[PDB]
Structure formats: C-alpha cells, structure tokens
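K.L.:
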Amino acid sequence: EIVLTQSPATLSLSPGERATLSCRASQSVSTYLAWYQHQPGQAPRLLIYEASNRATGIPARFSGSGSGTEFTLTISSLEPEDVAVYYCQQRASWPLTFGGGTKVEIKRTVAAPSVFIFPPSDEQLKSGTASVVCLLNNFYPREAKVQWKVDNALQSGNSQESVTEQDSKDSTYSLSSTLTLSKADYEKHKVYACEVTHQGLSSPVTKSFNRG
Amino acid sequence: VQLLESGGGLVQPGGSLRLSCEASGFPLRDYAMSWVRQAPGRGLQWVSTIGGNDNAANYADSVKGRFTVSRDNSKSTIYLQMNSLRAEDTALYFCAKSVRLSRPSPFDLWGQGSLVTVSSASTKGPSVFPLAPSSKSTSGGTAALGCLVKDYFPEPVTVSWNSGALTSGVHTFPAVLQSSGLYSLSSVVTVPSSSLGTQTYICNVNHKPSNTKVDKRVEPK
C-alpha cells in the first residue's frame, strides 16, 4: 500500500492564527490526494481534492498544495468551528489509504469551571448502588484535578471521568467525575465533597452536600 | 442530497450483518460508492468500493472473501454484506459517494455512520436517574440538572431534552466503560434558576439495541 504519514499529530493554535498541516506519501501519488475534515460525531467533509482544488461550499481560508510525495493543508485564519481531525487520502493506487490524522485544538483564553455536585437519587438507592456526580462546566484548558472527599477522607480508585469534545462555538470543555459506592457505604457517611483545581481558579474550589 | 444508512448494531463474533445506504436527492447509478470505517480510537480505513455495475468491486485485503459490496440502482441503495466477523471489525461504518462513476474518490458526500459492535455480550438497556437541580434559598442564579444513564450494552445511547426543544447549554458526555463491562453516561444542561418552578425539564433517552425509550422528568428536591 501507499502509506500516508501526517504531521504534527496534534496542533493547538488560537483563533486567527495560520495552521499548516503536512501529509507525506511513501511513493508518488502525483496530485491524486484529497483532504477531509472530521468534526466530532459528524460525517466527514471533503475540503480539497486533486491536491489543490477547493471543494464547493468550502470557506476560502482552506487551501491545499503539493505534489508527488509532499502535501500541505493550510487554514489561513483559524475559527472556533475548525476544531476537528483532518485526514489526507490518496487515490493513485488500490487500496485507497488515509493518513493517521492531525487533531487541531483551538487555544482560547483561560476560563474557570462552574462546579456543581449531585447526590444520588432516591430511586437509584433502591437498586443498592449510589452514584455521586461532580460537573465542571465550560472551562479551558482541558487539564483539571478533581478530588473526592467523604467525611474528609480522600477517595481513590472509585471514580471515573468523562470529558466532552471542545465546543465548536466557544472552544470550552466540560467534565464529569462520577463516584460509585455501595448504598451501605453511602449511608454510613455524611459529608460528600468534590474539590477542583484548575488554572483559571486562583485557589481550589470545593462543592459539598450533607447526606440527608 | 443525503446518504441514509441502516443495519448497525450488535452481532456475535463469527456472525453476519448487512449494512445498507440509501441515496436521496441524486441518482445513485451515476456514481461509484464506497464503505469506509473508523474503529474506536483509530482513524479512517477504506473497506470496499462498487462502481456502476455489480461486478466492478474492490476490497481491502483483510475483508476479501468475507465481505461483498453490491448495489441496487432501482432502489437507490448500496449494500455491504459481512460474514465471519471478529472484534477487529467493530467500528463506525460510513458509506461515501464519489464525485464520479469511473473513479472511487474524492468522497464528496458521507453518511452519518452506523456502529457495528462485534461481541458475545448480551444486550442490556439502561436505567435512567435524575441529576436534580439545587432549588434552595442559598443556591445561585444558574441551575444545573441532568440525567444519569447507567448500565447499558452496547453503544450507542442518544439523549434529547424536552423532545428537542432544549438544545442550548446541553452537554451529553461520552460514555465510560465500567468495570462491569457495561457503559454509563450523563447528560446535563444549565438553565436559569428562575425557570425551575415554571418550566418542565424532561430528558428523552433512547437505546435502540434494547428498544428502550425513556422520558424522565427532572425536578428540584
């Protein structure tokens, strides 16, 4: 097969900046090279074909260049909606192949999380399990430390996090941390607290409730 | 123009499954049609292409002899009939239309994707629990609420709020795989605290592998 290698694997730049994405082929593909955008959970979208031709309806900030074994996709001035993985693809030979993608992240200004804590519902407790949820809403950058304390004891090994994809209009993230305990363990303790450390906060923030 | 895919879901290893892709708004007979898949956490992989006649088919080496691509121009539909499936075949499968008949790409229109999960584990529908907003003298001007969608297999689950009338401020989190082998996710939304006594909030949860449809009202207290 003709192997397509993309670089960099990840690129983080602010709105308004110029982005240059590279695709290298293991042997010549002439100009038989296209570029696709894939935004989270939407269908892929053709951007460029025949190495340099902009597809219908694509904004003018997208352009492509190159031939042979070296190609570039340029976004002349990034917009928040450009958050996506970008792929090159050759049609010079079967099998058709794609590069491994370049993930473009939009580097916005620091935004602190809005933190909320949710007790388990009475309905769930009937089942014998208790889920406690801490939400960090609409923040940037992605890195955040979330610590659970039960009656002021730090918890380890009994929580799982999930993080949304970057928002296509405001470029923030949201994050959930779910602490899972036995009903019997939950009913033994009183104070449940989620402590959040983030670059947008001058000091860590804690949200708490008392069972009852 | 649209490509509408159908056929995804859970299938046993060693089993067979057929995907279909129906064209609307353009004549299928005028274009080469392809299947491209994305395994979890990985990139895009071309699977097969069919040109204008059913005998003009090309395949990835790893599916030759196992998968057959075909077309029915009279029904404006393309098919991928798969056999002898393995875990490596678990993926989001896209159909993709070429700009022309005589060449397989560029791919100028793509379907939304159908998830094929190759596994021996049984289907299980989720339980839905409220994430209730705080409604006290002492809470803030913005309230957060949600639904916890726990213990289901396979993916996916979809969530809407108020039958789709509420979209702004909604975040539906990627699912996490639990130690139990079942998935769980939450969907949250922020709203004005002044609205909590006035406005009903209902999360609409659908898990098609289990024919589960749940509307859960989320209220303070």
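The listed protein sequences correspond, in order, to chains A and B.
Start counting the first sequence at 293; every next residue gets the next number (our numbering).
Start counting the second sequence at 30; every next residue gets the next number (our numbering).
The beta-carbon is built from N, C-alpha and C at its ideal position, and this holds for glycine as well.
(1) Count the other CB atoms, across all protein chains shown, that sit within 10 Å of the CB of B/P162; report buried if there are 16 or more and exposed otherwise.
(2) Can you give the Cα-Cα distance for A/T348 and A/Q439, rounded to whole angstroms?
(3) Among A/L303, A/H330, A/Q329, A/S344, which residue has its Cα nearest to the Cα of A/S322?
(4) Does the distance from the C-beta atom of B/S77 to that of B/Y60 stay below 7 Å?
(5) Determine the direct distance from the alpha carbon of A/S355 to that of A/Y432, and round the result to whole angstroms.
(6) Using alpha carbons as the reference points, say which of B/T97, B/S53, B/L33, B/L174 lies closest to B/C124.
(7) Looking at chain A, is there any beta carbon in it that lies within less than 7 Å of the beta carbon of B/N235?
(8) When you compare each of A/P332, A/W327, A/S304, A/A352 to A/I340 by their alpha carbons, which one comes out closest?
(9) Just the C-alpha distance for A/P307 and B/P42, rounded to the nearest angstrom, thanks.
(10) With a CB to CB cut of under 6 Å and the five nearest residues on each side skipped, what residues in its chain are close to B/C50?
(11) Buried or exposed for A/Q416, please, with buried defined as at least 16 other CB atoms from any protein chain shown within 10 angstroms of its CB.
(12) List, in chain order, every chain A residue whose beta-carbon is nearer than 8 Å to that of B/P133.
(13) Mind checking which residues open and close the beta strand (DSSP E) that includes B/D90?
(14) Alpha helix (DSSP H) containing A/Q416: first to last residue?
(15) On the DSSP bridge assignment, give the partners of B/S215 in chain order.
(16) Just to make sure I have the definition right: I need the residues of chain B whose C-beta is within less than 7 Å of the C-beta of A/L427. Which are they?
(17) Residues of chain A with CB closer than 7 Å to the CB of B/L144, please, in chain order.
(18) Taking its Cβ as the centre, do 16 or more other Cβ atoms sit within 10 Å of B/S63, making it buried, or is it exposed?
(19) Starting from A/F408, find everything on chain C with Cβ-Cβ shorter than 7 Å and list it in chain order.
(20) Below 7 Å on C-beta distance, what does A/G392 contact in chain B?
(21) At what residue ranges does the segment 63-141 of chain B contain a whole run of the beta strand (DSSP E), taking only runs of 3 or more?
(22) Does A/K437 come out as helix, strand or coil in the three-state DSSP assignment?
(23) Counting only Cβ-Cβ distances shorter than 8 Å, please list the residues of the segment 76-90 of chain B near chain A, keeping chain order.
(24) Measure the C-alpha to C-alpha separation of A/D374 and B/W190 and round it to an integer number of angstroms.
(25) In terms of DSSP beta bridges, what is A/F390 paired with?
(26) I want to see whether chain B comes within less than 7 Å of A/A403, judged by CB atoms only; does it?
(27) Going along chain B in order, which residues have a C-beta closer than 7 Å to the C-beta of A/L338?
P.N.:
Walking through what the data contain:
(1) Within the second sequence, numbered from 1, the residue matching residue 162 of chain B stands at position 133. Buried is the call here.
(2) Start at 1 with the first residue of the first sequence, and residue 348 of chain A comes out as number 56. Start at 1 with the first residue of the first sequence, and residue 439 of chain A comes out as number 147. Cα-Cα distance, rounded: 49 Å.
(3) In the first sequence, residue 322 of chain A corresponds to position 30, counting from 1. With respect to the C-alpha of A/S322, the residue from A/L303, A/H330, A/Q329, A/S344 having the closest C-alpha is A/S344.
(4) On the second sequence, position 48 is the one that residue 77 of chain B refers to. On the second sequence, position 31 is the one that residue 60 of chain B refers to. Cβ distance not < 7 Å, so B/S77 and B/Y60 don't count as in contact.
(5) The count along the first sequence starts at 1 and reaches residue 432 of chain A at position 140. The count along the first sequence starts at 1 and reaches residue 355 of chain A at position 63. Roughly 29 Å separates the two Cα atoms.
(6) Against the second sequence, residue 124 of chain B aligns to sequence position 95. Distance from the Cα of B/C124 is smallest, within the candidate group B/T97, B/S53, B/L33, B/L174, for B/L33.
(7) Translated into positions along the second sequence, residue 235 of chain B becomes position 206. B/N235 does not count as touching chain A.
(8) As a working mapping, residue 340 of chain A is identified with position 48 in the first sequence. That would be A/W327, whose Cα lies nearest to the Cα of A/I340.
(9) Sequence index remark: in the first sequence, residue 307 of chain A carries index 15 (1-based). Sequence index remark: in the second sequence, residue 42 of chain B carries index 13 (1-based). Just so you know, the alpha carbons of A/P307 and B/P42 end up roughly 46 Å apart.
(10) Along the second sequence, one-based indexing puts residue 50 of chain B at 21. Non-local beta-carbon contacts of B/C50 in its own chain, meaning distances under 6 Å to residues more than five positions away in sequence, involve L32, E34, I107, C124, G140 in chain order.
(11) Numbered from 1 along the first sequence, position 124 holds the residue referred to as residue 416 of chain A. Burial call: buried.
(12) Counting from one through the second sequence, the residue named residue 133 of chain B turns up at place 104. Here the neighbours are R383, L388.
(13) Residue 90 of chain B sits at position 61 when you count from the first residue of the second sequence. It is not in any beta strand (DSSP E) - B/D90 carries neither H nor E in the DSSP assignment.
(14) What you label residue 416 of chain A is simply residue 124 of the first sequence in a count that begins at 1. Run containing A/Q416: 414-418, per the alpha helix (DSSP H) assignment.
(15) Working through the second sequence from its first residue, we reach residue 215 of chain B at position 186. Beta-bridge analysis with DSSP links B/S215 to B/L177.
(16) As a position in the first sequence, residue 427 of chain A is number 135, starting the count at 1. Under the 7 Å cutoff, chain B gives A173, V217.
(17) Taking the second sequence and counting its residues from 1, the one referred to as residue 144 of chain B is at position 115. Residues of chain A passing the Cβ test: none, with the nearest at roughly 11 Å.
(18) Along the second sequence, one-based indexing puts residue 63 of chain B at 34. Flag for B/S63 reads buried.
(19) This model lacks chain C altogether; the protein chains it does include are A and B.
(20) On the first sequence, position 100 is the one that residue 392 of chain A refers to. The answer, in chain order, is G72.
(21) Listed in chain order, the beta strand (DSSP E) elements of length 3 or more contained wholly in the segment 63-141 of chain B are 74-79, 86-88, 96-101, 106-111, 120-127, 136-139.
(22) One-based indexing of the first sequence puts residue 437 of chain A at position 145. Looking at A/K437 - three-state DSSP - the assignment turns out to be strand.
(23) The segment 76-90 of chain B vs chain A, Cβ under 8 Å: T78, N87, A89, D90.
(24) The residue labelled residue 374 of chain A in the question sits at position 82 within the first sequence. The residue labelled residue 190 of chain B in the question sits at position 161 within the second sequence. Approximately 27 Å between the Cα atoms of the pair.
(25) Position 98 of the first sequence, counted from the first residue, corresponds to residue 390 of chain A. A/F390 pairs with A/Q381.
(26) Taking the first sequence and counting its residues from 1, one reaches residue 403 of chain A at position 111. Taking 7 Å as the CB threshold, A/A403 stays off the interface with chain B.
(27) Here the question's residue 338 of chain A lines up with position 46 in the first sequence. The contacting residues are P135, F136, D137.
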